[PDB]
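*Asks:* Have a look at the structure that comes next, please.
FYI, it's all coordinate maths here, none of it is from the lab. A quick note on method: Cβ atoms are made from the backbone with ideal geometry, for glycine too, and the neighbour counts reach across all protein chains shown.
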Amino acid sequence: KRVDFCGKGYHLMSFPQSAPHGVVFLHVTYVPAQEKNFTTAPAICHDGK
Amino acid sequence: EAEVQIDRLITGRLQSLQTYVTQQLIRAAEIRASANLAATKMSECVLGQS
Ligand SMILES: *[C@@H]1O[C@H](CO)[C@@H](O)[C@H](O)[C@H]1NC(C)=O
């Protein structure tokens, strides 16, 4: 859950691979896109509640 | 005897330079560790919530 520890975005999973003298991690990340703009409101009161 | 005198001077100054370089290396390693910790703090406690 720690941000930007492994990957760039929201972390899903990782796969390890060997190297001559090291390790290589393949991180899978989820990134939003195609945004839209809307009008918000904190709370809605009906019948005085 | 001038070769002997300059040899003594050279070896003394070389010893001093070696000591200075070693001290600088140790200080650089410590600073690098501290800055890595600071970078982790910047990445975690600012761009999100801990
Ligand atoms: C939504 O409308 C605002 C108002 O001009 C605009 O600034 C914003 O860019 C719009 N959203 C997107 C995704 O373009």
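*Asks:* Given Cβ point charges of +1 (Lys, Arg) and -1 (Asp, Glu) and nothing else, what value in debye, to the nearest 20, does the dipole of chain B about its Cα centre take?
*Replies:* 260 debye
*Asks:* Identify the residues of region A:2-28 with backbone N under 19 Å of a label point that sits 7 angstrom from the Cα of B:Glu44 along the Cα-to-Cβ direction, or state none.
*Replies:* A:2-12
*Asks:* Give the span of chain A's Cα atoms along each principal axis, as three whole-Å numbers ordered largest to smallest.
*Replies:* 70, 24, 13
*Asks:* Mind listing which chymotrypsin sites (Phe, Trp or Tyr not before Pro) in region A:7-45 are in a DSSP loop and have 16 or fewer other Cβ atoms within 10 Å?
*Replies:* Of the chymotrypsin sites (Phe, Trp or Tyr not before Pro), the ones in loops of region A:7-45 whose Cβ has at most 16 other Cβ atoms within 10 Å are A:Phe38.
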